[PDB]
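Student: Have a look at this one before I ask anything.
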Amino acid sequence: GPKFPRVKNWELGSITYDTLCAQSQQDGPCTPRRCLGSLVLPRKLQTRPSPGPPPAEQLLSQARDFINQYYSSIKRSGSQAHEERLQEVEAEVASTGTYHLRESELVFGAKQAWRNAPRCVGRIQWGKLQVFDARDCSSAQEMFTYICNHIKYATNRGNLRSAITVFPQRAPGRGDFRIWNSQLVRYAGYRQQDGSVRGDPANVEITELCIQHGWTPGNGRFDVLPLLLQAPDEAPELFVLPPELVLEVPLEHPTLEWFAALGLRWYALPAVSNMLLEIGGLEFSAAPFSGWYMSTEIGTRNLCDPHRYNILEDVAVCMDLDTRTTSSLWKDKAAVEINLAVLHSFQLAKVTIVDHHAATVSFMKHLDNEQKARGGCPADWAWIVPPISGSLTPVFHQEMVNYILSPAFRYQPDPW
Amino acid sequence: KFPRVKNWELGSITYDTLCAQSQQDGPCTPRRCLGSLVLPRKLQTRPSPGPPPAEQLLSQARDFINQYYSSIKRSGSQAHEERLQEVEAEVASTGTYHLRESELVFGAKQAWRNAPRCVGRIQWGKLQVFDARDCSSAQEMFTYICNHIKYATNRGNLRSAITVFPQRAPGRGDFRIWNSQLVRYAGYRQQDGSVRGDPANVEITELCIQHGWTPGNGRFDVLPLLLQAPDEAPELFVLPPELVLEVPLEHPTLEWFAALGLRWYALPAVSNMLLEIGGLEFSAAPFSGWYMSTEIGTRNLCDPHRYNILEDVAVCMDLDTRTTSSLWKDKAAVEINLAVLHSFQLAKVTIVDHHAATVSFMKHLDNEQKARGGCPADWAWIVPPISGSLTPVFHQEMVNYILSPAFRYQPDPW
Ligand code: HEM
Ligand code: HEM
Ligand SMILES: C[C@H](O)[C@H](O)[C@H]1CNc2nc(N)[nH]c(=O)c2N1
Ligand SMILES: C[C@H](O)[C@H](O)[C@H]1CNc2nc(N)[nH]c(=O)c2N1
Ligand SMILES: NC(=[NH2+])NCCC[C@H](N)C(=O)O
Ligand SMILES: NC(=[NH2+])NCCC[C@H](N)C(=O)O
Ligand SMILES: [Zn+2]
């Protein structure tokens, strides 16, 4: 039959063909000899610090491609405005080596990048993104105001709104704009005398980096880290976030009264801030984005991973479960309750949150929408299926095709 | 070239060099990954009415024979030389050859070892291989299958076993076991198009009734076996109720769970896959080990397209099945899985929970990294259907590729 990947949903028995993967213009990590689909950071997208200006010839084709995408999105492909905009980009790349995006083109690409994100289960909201332009920003100090502005708008007092803030793109020879922190809001990791860690083990490096840069560290298990903002060709400056802007939620269980005594808590705004946003060849090294949490992110990964807060055993001891044997599913039982606590604690604090059931269901809807609009959707199975109750959600039964489409968010090396 | 594989829970790293030995291609390409697809659009095992190119077959045979003599530290020896010549000789003359019982036993164990989707491979070295190649009739197959079931079950102390029937032969129908598993509960399509029993077995259940089986009206009705001998319509055989050990499902604390009257058989025995060793193909080579609790309690009982008993239990547990955020589903999924472990443990039948099971797989990865420099694993199948990140495999990067000997999927006989 058709000569594109055949995709099946074993739950409903339905079939589809992904023709959108044909538009992919960037190889991934797999090969016919072996699949590397479960790898987190395959050395592919890795936008290494390319010093010398991009091959004019190359950047141009990537640029003419994005432009075409833009005019098609506005249903004016082949028109005179389109061809002129094309001539305009080619011209500016011939006399400078780079080029600039128009306001509406940035908003377009910003959304396409989210839309194209293979690992994001919340893409059904892709059409609703508040893009804040900040390509005028000229200081690590200015970078701090924008971020604070963003956190204020995105948080919206518990009624979260998706957004992204785009800072200046890269310029040949000139240093990048960077946010050293992985997220705009993260908890510190304190290395100990015994070698263990206090707080979030994930953020041990950045914490060590904030201290080596002037921050006077605290000693709690949930201290909000300061921000390290790097303007072009300058050492980064350290900025502390105003406690009022950083909204948090204490965690309690709906019926296990003792859970509140655990003193666990999490912030409301998830803001990935270390990824690179690539549009038509241009590379925006600092373009933090944020939406709203999906409960398993907190209640299973952050709170239960062996290398994170790892609270599974403490909570199981409290529920008086048999932790001396795996066949009692003590881990499964506690993990469920901890997740319920996160859901319940955000609902009570009136903060936006979505569970893995509701979430995944909406992603199925997003899949069906994209099947019609683009002929498929690039999705990373291992990442779309929730860390708990996999087959209990519909995505587990949906085969998925993963590939790279541009615009896009890519991982990028740490500035240090 | 050699993939770097990391474990994010420990921060460890390794280089899979074994993937280098892959002579077969998968579904992925640099343009896009198709690793989450269940079946190969093309990797199918097309008919064998015609013989396979003497060259192709000959190289896969030389390779297997080389592998076999390595495993017994007798490489380059005389026996090795003379065994290669025997194969050269048979191939050239009949366009095929045959395996020595010892070699077959070696293949089987390797096939299991190379199976990317099997999480129980730490046991790969302990496989009871039954040679049933001197089988000429469907009635004979039934006896073999009946003995395998008896041996495999062993009163509840399951033991891994595989039975290998005649290999495939040019212009000759394949010996085939029509059923997907040796034991499976019937799926009867009732009035409102719904289904009584096991929805996955609606088709096979209909083929049996079509060949004269007297169906029942129950959810858990042990289906009969439709064994087929070359170029001959299949035969119907009913499995002796005693040989079919079954487990009644109840709950450690929830008194009413038994009420639901659920039950499940003890012997998991895939019977529709094809075993390929050194180019030879065995269209009928059933194998069995023992269940991992999640296969029954999560997929079989809770899949929406299986017994889909998730809501019932939730209601009995008096759960807020109103909204999703009450996690009524996750809650019932756990109990049902516990009930499976409890029931099997109470009936003294072998079973392994997913935590215990994935822990042994981690070891296997280690043992294999040291023995071959890697281990082909399908992450989507190795990670349990529930409590995924709660197990260690969730945090383990894996490489997937095809090695031979190997188990493959093949077309349905009808
Ligand atoms: C509004 C609700 C949204 C939800 C519920 C959602 C949810 C998710 C989840 C569950 C993940 C994986 C988290 C993890 O495993 O670490 C993810 C990853 C991602 N999301 Fe979203 N997302 C949302 C908004 C956004 C926005 C606003 C953007 C971009 C403009 C976006 C871009 C991405 C990208 C690039 C990734 C992958 C990052 C990585 O590899 O760590 N998401 N999202
Ligand atoms: C000793 C106990 C064993 C355990 C606990 C075990 C467990 C598993 C599990 C959980 C799966 C995934 C099943 C599914 O979701 O469909 C699997 C797949 C598989 N196992 Fe095992 N296994 C065992 C023994 C064996 C034996 C004896 C063989 C072969 C000689 C074998 C060959 C395979 C293969 C080829 C697959 C993939 C089957 C498919 O594609 O449907 N396993 N095993
Ligand atoms: C090793 C494995 O790829 C890794 O643990 C992946 C699996 N799936 C995931 N899925 C999501 N959403 N987030 C993750 O961090 C991961 N980690
Ligand atoms: C579509 C998806 O590939 C499919 O549902 C897979 C996922 N993981 C699985 N894992 C195991 N162990 N067994 C299966 O049958 C599956 N099915
Ligand atoms: N819903 C989101 N936008 N998530 C972004 C990633 C959040 C990250 N997994 C965390 O637990 O903090
Ligand atoms: N442990 C095994 N031998 N599993 C074989 C596959 C069993 C199949 N998943 C079932 O539940 O019927
Ligand atoms: Zn792949």
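The chain as shown is numbered from 1 upward.
If you check the header, you will see the structure was determined by X-ray crystallography, 2.3 Å.
The backbone N, Cα and C atoms fix where each Cβ goes, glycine too.
What Swiss-Prot shows for this protein is this:
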type	residues	note
BINDING	B:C28, B:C33	Zn(2+) binding site
BINDING	B:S36, B:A380, B:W381, B:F394	(6R)-L-erythro-5,6,7,8-tetrahydrobiopterin binding site
MOD_RES	B:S48	phosphoserine
BINDING	B:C118, B:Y409	heme b binding site
BINDING	B:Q181, B:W290, B:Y291, B:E295, B:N300	L-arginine binding site
Student: Quick check on the binding-site residues: of B:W290, B:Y291, B:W381, B:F394, B:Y409, whose CB has the lowest count of neighbouring CB atoms inside 10 Å?
Tutor: B:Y409
Student: Mind sorting out which of the binding-site residues B:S36, B:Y291, B:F394 are close to chain A, meaning Cβ under 8 Å from one of its Cβ atoms?
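Tutor: Filtering B:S36, B:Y291, B:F394 for a Cβ under 8 Å from chain A leaves B:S36, B:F394.
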Student: Between B:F394 ((6R)-L-erythro-5,6,7,8-tetrahydrobiopterin binding site) and B:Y409 (heme b binding site), what is the CA-CA distance rounded to a whole number of Å?
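Tutor: Each residue's Cα considered, B:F394 ((6R)-L-erythro-5,6,7,8-tetrahydrobiopterin binding site) and B:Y409 (heme b binding site) end up 26 Å apart.
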Student: Looking at the binding-site residues B:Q181, B:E295, B:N300, B:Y409, whose Cα is closest in space to that of B:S48 (phosphoserine)?
Tutor: B:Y409
Student: I need the nearest neighbour of B:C118 (heme b binding site) among the binding-site residues B:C28, B:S36, B:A380, using C-alpha distances.
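Tutor: Closest candidate to B:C118 (heme b binding site), judged by Cα separation, is B:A380.
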Student: Once the DSSP letters are reduced so that anything not helix or strand counts as coil, what is B:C33 (Zn(2+) binding site)?
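Tutor: Reduced to three states, the DSSP call for B:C33 (Zn(2+) binding site) is strand.
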Student: To the nearest whole angstrom, what is the C-alpha distance linking B:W381 ((6R)-L-erythro-5,6,7,8-tetrahydrobiopterin binding site) and B:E295 (L-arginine binding site)?
Tutor: 11
Student: Assuming the binding residues for L-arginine are exactly those in the record, B:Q181, B:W290, B:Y291, B:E295, B:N300, what is the maximum CA-CA distance in angstrom, rounded?
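Tutor: The L-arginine-binding residues span at most 15 Å between Cα atoms.
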Student: If you count the other Cβ atoms within 10 Å of each Cβ, which of the binding-site residues B:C28, B:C33, B:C118, B:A380 comes out on top?
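Tutor: Top count of Cβ atoms within 10 Å goes to B:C33.
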Student: For the L-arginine site (B:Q181, B:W290, B:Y291, B:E295, B:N300), what does the 8 A shell look like? I mean other same-chain residues with CB within 8 A of the CB centroid.
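Tutor: Other same-chain residues near the L-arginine site: B:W264, B:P268, B:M292, B:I296.
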Student: Taking the Cβ of B:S48 (phosphoserine) as the centre, how many other Cβ atoms fall within a 10 Å radius?
Tutor: 17
